[PDB]
Amino acid sequence: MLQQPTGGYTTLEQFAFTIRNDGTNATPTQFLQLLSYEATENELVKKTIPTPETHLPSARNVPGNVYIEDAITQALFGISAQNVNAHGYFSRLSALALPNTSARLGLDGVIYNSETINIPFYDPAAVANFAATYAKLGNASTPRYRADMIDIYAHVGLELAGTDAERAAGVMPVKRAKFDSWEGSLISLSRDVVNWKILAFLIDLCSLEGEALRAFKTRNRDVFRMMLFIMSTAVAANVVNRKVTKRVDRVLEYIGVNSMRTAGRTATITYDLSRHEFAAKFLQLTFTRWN
Amino acid sequence: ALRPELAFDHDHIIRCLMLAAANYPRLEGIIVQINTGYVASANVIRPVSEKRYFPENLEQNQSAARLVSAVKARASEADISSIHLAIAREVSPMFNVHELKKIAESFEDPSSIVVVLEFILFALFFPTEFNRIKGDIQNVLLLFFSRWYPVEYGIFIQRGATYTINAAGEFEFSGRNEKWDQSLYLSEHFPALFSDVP
Amino acid sequence: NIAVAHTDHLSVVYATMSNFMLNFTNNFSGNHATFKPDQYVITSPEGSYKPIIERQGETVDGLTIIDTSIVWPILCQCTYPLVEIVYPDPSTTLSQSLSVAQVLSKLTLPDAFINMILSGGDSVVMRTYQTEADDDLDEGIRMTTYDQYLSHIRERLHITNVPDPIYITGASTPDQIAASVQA
Amino acid sequence: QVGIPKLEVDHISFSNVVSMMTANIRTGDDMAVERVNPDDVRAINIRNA
Amino acid sequence: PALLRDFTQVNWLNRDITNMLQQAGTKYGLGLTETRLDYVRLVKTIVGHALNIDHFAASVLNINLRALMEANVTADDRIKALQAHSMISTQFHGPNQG
Amino acid sequence: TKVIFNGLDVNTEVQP
Amino acid sequence: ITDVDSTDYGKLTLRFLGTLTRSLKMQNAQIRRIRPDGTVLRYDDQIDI
């Protein structure tokens with residue numbers, strides 16, 4: 001029954017987000033330094049983000065317990081081909097949104113009906129606010145509710161590849177980002193970033209207050225710029241790798257502009273139609289909370 | 001005067017019957033067995049020899065030919081046991097959420113009223129036992145209010161096809177068209193076509 | 001030509017059958033606008049879950065999938081007593097259900113027993129640390145794991161109307177420790 | 001402190017967790033699903049729909 | 001060559017295995033490891049077994065099962081293509097399985 | 001004759 | 001051993017699946033009321049005997 005000192009569960013060594021590359025294991029901060037980019041002249045301008053709709057879906061009665069956490073990641077950064085998922089037990093979340101409920105949310109990423117014996121879980125009070133915002137992710141494919149899978153991506157590219165000199169004006173030149181690679185590359189970061197404990201992050205966003213939110217956003221604006229990069233190569237138009245003499249570069253076509261089908265096919269992670277609606281519903285919901 | 005036996009208890013028999021309604025699957029079938037034989041013993045109803053549903057006679061006719069076959073492909077056979085099972089299901093407690101043997105019929109001609117009339121007569125001889133299946137029977141009833149005659153369907157669906165009874169009273173119609181499926185029977189969703197609100 | 005022998009001889013049939021030995025749960029439907037099952041569940045604090053009513057397809061027996069076509073035979077091919085009258089004696093039904101209530105109570109006995117043994121219950125397994133002075137393999141303080149608490153103590157003190165045990169203070173409250181524990 | 005993926009190193013491992021399948025999940029069989037004919041052909045509508 | 005950690009006469013080799021295997025780095029295991037339960041039905045389905053194969057063959061067996069379980073399409077989405085092959089105004093009643 | 005049966009029906013067969 | 005046989009126990013048999021079996025190891029199973037969402041409620045008298 002862990003608690004947060006307002007440092008948050010992210011101020012802990014229990015679960016930390018680390019990519020493995022370079023023959024040893026490294027933190028996200030060290031990785032991003034390799035991403036160097038130029039310009040190709042198609043101005044990607046920051047639009048406004050429309051507020052979400054308050055109505056929460058109903059968690060249709062369900063016996064047993066689903067791994068609510070699993071699906072959140074298994075859709076966003078899921079590597080292995082994921083079939084249609086617009087359907088599913090994806091809104092049991094809202095059953096935590098009400099005041100007095102007994103249903104608890106454990107560590108590891110499960111949603112128990114009744115707290116059982118020997119299972120460590122997040123604090124029942126700070127998991128409430130996380131739900132009154134993310135249980136709203138249940139209606140991701142209901143017509144007349146789904147977000148728009150175009151404009152948010154403009155917001156995304158201004159984040160992982162936008163030098164501050166640009167974001168302060170709200171406009172930037174479309175970039176083509178290439179870092180140096182190894183073998184599997186793009187697919188390897190996916191099989192890696194999947195098992196990260198995303199819930200250990202999102203809970204902090206909706207609780208931690210201005211004192212420990214300005215400090216929280218400063219140490220974690222990088223764990224965000226990591227699960228935002230992989231989520232981006234699932235959109236880019238090309239992945240062709242340039243060649244030096246012995247070196248290899250993974251030029252990525254157009255980060256921040258959204259096409260409709262993956263450049264990866266075989267080389268990188270791939271999305272599906274049912275997932276395009278999903279990524280837009282996540283990316284929209286999370287940005288208001290972050291920004 | 002004393003009997004004398006070990007007094008038949010109220011409790012326990014209620015708990016041991018309740019635990020059996022979670023492990024033992026055929027409990028329901030045994031509860032039916034005891035009170036269905038009572039119906040057949042009281043000699044309340046029994047099937048007859050000949051048939052006489054739709055005639056008033058002088059039928060078999062050329063114009064009737066269409067209406068004749070519509071009622072014929074709806075006729076249930078007077079099986080002694082099938083009759084008793086309907087009278088018994090009316091009172092007996094259930095553990096599985098049963099639903100209707102569904103029919104696919106696009107309401108095309110005036111002779112298709114022989115389907116909506118069946119759902120009327122079923123809702124009278126068995127008013128309970130009609131509550132449980134009220135939603136799945138609603139799903140095949142909306143075709144009668146759309147294809148047969150619209151405008152009302154267009155303004156009724158505008159309000160929505162489902163509501164929640166909560167808010168300590170009142171009704172909360174959700175402005176969206178959805179299907180029933182029966183899987184959401186035991187929750188906070190009442191089929192909105194049976195509301196009564198105008 | 002049916003309603004008389006349908007709302008008299010058949011009406012007094014349900015009127016009595018509504019109150020038998022093995023019929024208990026309310027299946028009332030006189031207000032389709034507002035009515036729900038209100039189901040119960042068998043749950044243990046030690047990870048177990050079993051409902052009484054649940055979603056499933058048809059079983060290997062004719063209790064699921066209610067046929068709605070069983071209406072036309074009972075309006076045409078069914079002679080009534082047309083109201084000679086036979087009253088079924090109470091003996092054959094009162095004893096019938098009395099023995100069915102026996103099989104259940106005698107069949108549910110094993111798994112309610114062997115299950116009960118591997119539960120422990122009415123125990124704690126605690127440890128006491130000697131606060132110097134003179135020891136005694138006693139006194140000191142009484143430690144128990146949180147999981148042992150929630151299983152035995154928490155569901156038992158919950159039956160009565162007592163506010164849940166007070167949290168130990170980071171600050172010192174050697175004053176009201178027992179005053180809040182008194183409630 | 002995480003787990004280094006074993007699919008990329010040299011030295012061969014000789015024991016690991018394999019995701020099996022129980023006797024409940026079954027694949028590639030049949031469904032006794034039934035048909036119901038359109039009854040009459042004359043009043044079918046391919047025109048728009 | 002770890003499951004014999006206390007069954008061999010050869011003395012030198014024994015002390016060695018029960019030292020690098022006892023180590024605070026690695027650990028051996030065998031049998032049933034964990035279980036994934038079912039949502040609506042409530043039965044065990046996908047069980048993990050700490051099997052005795054090698055990493056090269058165990059990797060291939062997991063690609064298969066994962067692509068069978070990440071399909072998320074039940075055998076009931078079969079009757080939606082079985083119907084594209086008959087009179088335009090026909091239909092089916094699926095024996096729901098999930 | 002149209003006989004009264006209870007459960008679901010069996011006709012055509014699907015394929016993997 | 002006491003004659004009273006269990007032909008089927010805890011096991012549910014659907015006709016289109018076969019014969020699935022549950023566990024039988026409960027503990028302090030206190031029959032309690034379920035709220036619509038699928039959560040154990042508590043003891044509110046005048047509603048639960």
# chains A, B, ... in the order shown; residues from 1 in each chain; ligands from 1
$ interface_residues --of "chain A" --to "chain D" --cutoff "12 Å" --atoms "only C-alpha atoms" --output "list in words"
residues 13, 14, 15, 16, 17, 18, 19, 20, 21, 23, 24, 25, 26, 27, 182, 183, 184, 188, 189, 191, 192, 193, 195 and 196 of chain A
$ residues_around --residues "segment 20-31 of chain E" --least-positions-apart "5" --cutoff "10 Å" --atoms "only C-alpha atoms" --output "NGL selection string"
(:D and (15-17)) or (:E and (2-3 or 5 or 15 or 48-52))
$ interface_residues --of "chain G" --to "chain A" --cutoff "7 Å" --atoms "only C-alpha atoms" --output "PyMOL selection string"
chain G and resi 36-40
$ atom_distance --atom1 "atom CA of residue 12 of chain B" --atom2 "atom CA of residue 30 of chain B"
19.2 Å
$ select_by_dssp --residues "segment 38-238 of chain A" --states "strand (DSSP E)" --output "NGL selection string"
:A and (38-45 or 104-105 or 111-112 or 171-178)
$ residues_around --residues "residue 18 of chain G" --least-positions-apart "5" --cutoff "10 Å" --atoms "only C-alpha atoms" --output "ChimeraX atom specification"
/C:59-60 /D:24 /G:12-13
$ interface_residues --of "chain F" --to "chain C" --cutoff "12 Å" --atoms "only C-alpha atoms" --output "ChimeraX atom specification"
/F:2-9
$ interface_residues --of "chain F" --to "chain E" --cutoff "8 Å" --atoms "only C-alpha atoms" --output "ChimeraX atom specification"
/F:8,14-16
$ write_last_selection --atoms "C-alpha atoms" --output "short mmCIF file (atom, residue, chain, number, x, y, z; two decimals), in the first residue's frame"
data_model
loop_
_atom_site.label_atom_id
_atom_site.label_comp_id
_atom_site.auth_asym_id
_atom_site.auth_seq_id
_atom_site.Cartn_x
_atom_site.Cartn_y
_atom_site.Cartn_z
CA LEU F 8 -30.32 -22.63 -30.97
CA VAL F 14 -18.25 -22.62 -41.02
CA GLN F 15 -14.53 -23.12 -41.74
CA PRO F 16 -11.28 -21.87 -40.07
#
$ interface_residues --of "chain E" --to "chain C" --cutoff "12 Å" --atoms "only C-alpha atoms" --output "PyMOL selection string"
chain E and resi 39-43+94-98
$ write_last_selection --atoms "N, CA and C atoms" --output "compact mmCIF listing (two decimals), in the first residue's frame"
# COMPACT_ATOMS: atom_id res chain seq x y z
N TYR E 39 -12.06 -13.20 -18.57
CA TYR E 39 -12.90 -12.08 -18.16
C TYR E 39 -14.32 -12.49 -17.82
N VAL E 40 -15.07 -12.95 -18.82
CA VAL E 40 -16.49 -13.25 -18.63
C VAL E 40 -16.73 -14.68 -18.12
N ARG E 41 -16.11 -15.67 -18.77
CA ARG E 41 -16.26 -17.08 -18.40
C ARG E 41 -15.69 -17.41 -17.02
N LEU E 42 -14.47 -16.95 -16.76
CA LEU E 42 -13.75 -17.15 -15.49
C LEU E 42 -13.11 -18.54 -15.39
N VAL E 43 -12.20 -18.83 -16.32
CA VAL E 43 -11.41 -20.07 -16.32
C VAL E 43 -9.97 -19.75 -16.75
N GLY E 94 -25.42 -16.32 -34.56
CA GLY E 94 -24.16 -16.88 -34.09
C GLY E 94 -24.21 -17.59 -32.74
N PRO E 95 -23.67 -18.82 -32.68
CA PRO E 95 -23.48 -19.54 -31.42
C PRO E 95 -22.32 -18.92 -30.63
N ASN E 96 -22.61 -17.81 -29.95
CA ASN E 96 -21.60 -17.00 -29.27
C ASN E 96 -20.60 -17.78 -28.42
N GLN E 97 -19.32 -17.49 -28.61
CA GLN E 97 -18.24 -18.17 -27.91
C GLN E 97 -17.27 -17.17 -27.27
N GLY E 98 -16.81 -16.20 -28.07
CA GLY E 98 -15.97 -15.12 -27.56
C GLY E 98 -14.49 -15.44 -27.45
$ residues_around --residues "residue 52 of chain C" --least-positions-apart "6" --cutoff "12 Å" --atoms "only C-alpha atoms" --output "VMD selection string"
(chain A and resid 63) or (chain B and resid 17 to 25 27 to 28 93 to 97 186) or (chain C and resid 25 37 to 43) or (chain G and resid 31 to 34)
$ interface_residues --of "chain G" --to "chain D" --cutoff "10 Å" --atoms "only C-alpha atoms" --output "list in words"
residues 16, 17, 18, 19, 20 and 21 of chain G
$ interface_residues --of "chain E" --to "chain A" --cutoff "8 Å" --atoms "only C-alpha atoms" --output "list in words"
residues 37, 38, 39, 40, 42, 66, 67, 70, 71, 72 and 73 of chain E
$ write_last_selection --atoms "N, CA, C and O atoms" --output "CSV table (one decimal), in the first residue's frame"
chain,number,residue,atom,x,y,z
E,37,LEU,N,-6.2,-15.4,-16.3
E,37,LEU,CA,-7.6,-15.8,-16.1
E,37,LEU,C,-8.5,-15.2,-17.2
E,37,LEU,O,-8.0,-14.4,-18.0
E,38,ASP,N,-9.7,-15.7,-17.3
E,38,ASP,CA,-10.7,-15.2,-18.3
E,38,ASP,C,-11.7,-14.1,-17.7
E,38,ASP,O,-12.0,-14.2,-16.6
E,39,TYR,N,-12.1,-13.2,-18.6
E,39,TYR,CA,-12.9,-12.1,-18.2
E,39,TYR,C,-14.3,-12.5,-17.8
E,39,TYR,O,-14.7,-12.4,-16.7
E,40,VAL,N,-15.1,-12.9,-18.8
E,40,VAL,CA,-16.5,-13.3,-18.6
E,40,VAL,C,-16.7,-14.7,-18.1
E,40,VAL,O,-17.5,-14.9,-17.1
E,42,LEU,N,-14.5,-16.9,-16.8
E,42,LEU,CA,-13.8,-17.1,-15.5
E,42,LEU,C,-13.1,-18.5,-15.4
E,42,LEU,O,-13.4,-19.3,-14.5
E,66,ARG,N,1.5,-15.4,-29.5
E,66,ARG,CA,1.2,-14.0,-29.3
E,66,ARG,C,0.4,-13.5,-30.5
E,66,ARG,O,-0.4,-12.6,-30.3
E,67,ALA,N,0.7,-13.9,-31.7
E,67,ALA,CA,0.0,-13.5,-32.9
E,67,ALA,C,-1.4,-14.2,-33.0
E,67,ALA,O,-2.2,-13.8,-33.9
E,70,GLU,N,-3.2,-11.9,-30.0
E,70,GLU,CA,-3.3,-10.5,-30.3
E,70,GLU,C,-4.1,-10.2,-31.5
E,70,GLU,O,-4.2,-9.1,-32.0
E,71,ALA,N,-4.8,-11.3,-32.0
E,71,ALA,CA,-5.8,-11.1,-33.1
E,71,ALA,C,-7.0,-10.4,-32.7
E,71,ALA,O,-7.6,-9.6,-33.4
E,72,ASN,N,-7.4,-10.6,-31.4
E,72,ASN,CA,-8.6,-10.0,-30.8
E,72,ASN,C,-9.9,-10.3,-31.6
E,72,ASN,O,-10.9,-9.7,-31.3
E,73,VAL,N,-9.8,-11.1,-32.6
E,73,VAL,CA,-11.0,-11.5,-33.4
E,73,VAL,C,-11.4,-12.9,-33.1
E,73,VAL,O,-10.7,-13.9,-33.4
$ atom_distance --atom1 "atom CA of residue 32 of chain E" --atom2 "atom CA of residue 53 of chain E"
14.4 Å
$ interface_residues --of "chain B" --to "chain A" --cutoff "10 Å" --atoms "only C-alpha atoms" --output "list in words"
residues 176, 183, 184, 185, 186, 187, 188 and 189 of chain B
$ residues_around --residues "segment 159-164 of chain B" --least-positions-apart "6" --cutoff "7 Å" --atoms "only C-alpha atoms" --output "JSON, numbers by chain"
{"B": [171, 172, 173, 174, 175, 176, 177, 178, 188, 189, 190, 191, 192, 193]}
$ interface_residues --of "chain B" --to "chain E" --cutoff "12 Å" --atoms "only C-alpha atoms" --output "list in words"
residues 100, 101, 102, 103, 104, 105, 106, 181 and 183 of chain B
$ interface_residues --of "chain A" --to "chain C" --cutoff "7 Å" --atoms "only C-alpha atoms" --output "PyMOL selection string"
chain A and resi 116-118
$ write_last_selection --atoms "C-alpha atoms" --output "PDB file, in the first residue's frame"
ATOM      1  CA  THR A 116      -7.131  -9.409  -2.053  1.00  0.00           C
ATOM      2  CA  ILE A 117      -4.389 -10.854   0.143  1.00  0.00           C
ATOM      3  CA  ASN A 118      -0.696  -9.986  -0.480  1.00  0.00           C
TER       4      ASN A 118
END
$ closest_residue --among "G:8, G:42, G:49, G:26" --to "chain C" --atoms "only C-alpha atoms"
G:26
$ decode --residues "segment 35-87 of chain E" --atoms "C-alpha atoms" --output "PDB file, in the first residue's frame"
ATOM      1  CA  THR E  35      -1.670 -17.923 -15.063  1.00  0.00           C
ATOM      2  CA  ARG E  36      -3.909 -15.584 -17.078  1.00  0.00           C
ATOM      3  CA  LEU E  37      -7.601 -15.813 -16.111  1.00  0.00           C
ATOM      4  CA  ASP E  38     -10.695 -15.182 -18.281  1.00  0.00           C
ATOM      5  CA  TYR E  39     -12.896 -12.080 -18.162  1.00  0.00           C
ATOM      6  CA  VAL E  40     -16.491 -13.252 -18.632  1.00  0.00           C
ATOM      7  CA  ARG E  41     -16.257 -17.078 -18.400  1.00  0.00           C
ATOM      8  CA  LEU E  42     -13.752 -17.148 -15.492  1.00  0.00           C
ATOM      9  CA  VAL E  43     -11.410 -20.065 -16.319  1.00  0.00           C
ATOM     10  CA  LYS E  44      -7.634 -20.483 -16.801  1.00  0.00           C
ATOM     11  CA  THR E  45      -6.573 -20.053 -20.446  1.00  0.00           C
ATOM     12  CA  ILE E  46      -2.998 -18.963 -21.221  1.00  0.00           C
ATOM     13  CA  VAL E  47      -0.584 -20.613 -18.790  1.00  0.00           C
ATOM     14  CA  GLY E  48       3.154 -19.942 -18.673  1.00  0.00           C
ATOM     15  CA  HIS E  49       5.476 -22.899 -18.173  1.00  0.00           C
ATOM     16  CA  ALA E  50       9.119 -22.548 -17.146  1.00  0.00           C
ATOM     17  CA  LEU E  51       9.992 -25.099 -19.814  1.00  0.00           C
ATOM     18  CA  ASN E  52      13.307 -26.856 -20.446  1.00  0.00           C
ATOM     19  CA  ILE E  53      14.019 -25.782 -24.045  1.00  0.00           C
ATOM     20  CA  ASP E  54      16.670 -23.330 -25.305  1.00  0.00           C
ATOM     21  CA  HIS E  55      16.322 -19.587 -26.005  1.00  0.00           C
ATOM     22  CA  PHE E  56      16.540 -20.101 -29.789  1.00  0.00           C
ATOM     23  CA  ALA E  57      13.545 -22.450 -30.063  1.00  0.00           C
ATOM     24  CA  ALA E  58      11.567 -20.835 -27.230  1.00  0.00           C
ATOM     25  CA  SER E  59      11.674 -17.466 -29.021  1.00  0.00           C
ATOM     26  CA  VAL E  60      10.001 -18.889 -32.151  1.00  0.00           C
ATOM     27  CA  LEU E  61       7.202 -20.604 -30.183  1.00  0.00           C
ATOM     28  CA  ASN E  62       6.233 -17.283 -28.555  1.00  0.00           C
ATOM     29  CA  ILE E  63       5.886 -15.364 -31.851  1.00  0.00           C
ATOM     30  CA  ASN E  64       3.141 -17.831 -32.844  1.00  0.00           C
ATOM     31  CA  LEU E  65       1.045 -17.814 -29.645  1.00  0.00           C
ATOM     32  CA  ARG E  66       1.248 -14.014 -29.327  1.00  0.00           C
ATOM     33  CA  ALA E  67      -0.016 -13.512 -32.903  1.00  0.00           C
ATOM     34  CA  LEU E  68      -2.873 -15.917 -32.124  1.00  0.00           C
ATOM     35  CA  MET E  69      -3.827 -14.058 -28.938  1.00  0.00           C
ATOM     36  CA  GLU E  70      -3.305 -10.515 -30.274  1.00  0.00           C
ATOM     37  CA  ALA E  71      -5.753 -11.131 -33.124  1.00  0.00           C
ATOM     38  CA  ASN E  72      -8.607 -10.030 -30.808  1.00  0.00           C
ATOM     39  CA  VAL E  73     -10.957 -11.474 -33.440  1.00  0.00           C
ATOM     40  CA  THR E  74     -13.220 -14.297 -32.239  1.00  0.00           C
ATOM     41  CA  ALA E  75     -14.252 -17.237 -34.448  1.00  0.00           C
ATOM     42  CA  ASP E  76     -17.605 -15.413 -34.738  1.00  0.00           C
ATOM     43  CA  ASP E  77     -16.234 -12.828 -37.203  1.00  0.00           C
ATOM     44  CA  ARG E  78     -16.217 -15.821 -39.549  1.00  0.00           C
ATOM     45  CA  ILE E  79     -19.976 -15.664 -40.182  1.00  0.00           C
ATOM     46  CA  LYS E  80     -19.546 -12.107 -41.528  1.00  0.00           C
ATOM     47  CA  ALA E  81     -17.659 -13.484 -44.559  1.00  0.00           C
ATOM     48  CA  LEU E  82     -19.679 -16.712 -44.735  1.00  0.00           C
ATOM     49  CA  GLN E  83     -22.602 -14.371 -45.489  1.00  0.00           C
ATOM     50  CA  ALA E  84     -20.916 -12.498 -48.365  1.00  0.00           C
ATOM     51  CA  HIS E  85     -21.599 -15.682 -50.362  1.00  0.00           C
ATOM     52  CA  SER E  86     -25.417 -15.882 -50.461  1.00  0.00           C
ATOM     53  CA  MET E  87     -28.628 -13.973 -51.268  1.00  0.00           C
TER      54      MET E  87
END
